[PDB]
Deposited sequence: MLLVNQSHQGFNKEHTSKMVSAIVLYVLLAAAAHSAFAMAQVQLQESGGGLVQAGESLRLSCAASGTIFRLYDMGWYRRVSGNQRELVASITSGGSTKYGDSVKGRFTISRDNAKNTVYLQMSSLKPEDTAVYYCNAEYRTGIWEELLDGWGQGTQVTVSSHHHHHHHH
């Protein structure tokens, strides 16, 4: 299979292995960016956060500003990928990250 290693106040999630293509990425506890660049957020988020994707290096980023105590949780990165042109689309999770304030 393939791996998904996260980072530590900027979140960077990377993927490596035998991947034919990456399709979707995002963060969970809320923010998901597709392969074409379209970004989606929750209905309760009025542009507080921002998500950017770097398809060349297969990395997804999450920018967080004006942090609040209610955001103290554990965040996991998710990705969708296909290991071959004739194979099935399947998704994998990451280990997770801990935010300590």
Please report every deposited-sequence interval that has no C-alpha in the structure, sorted by position. 1 to 40, 49 to 57, 79 to 87, 160 to 169
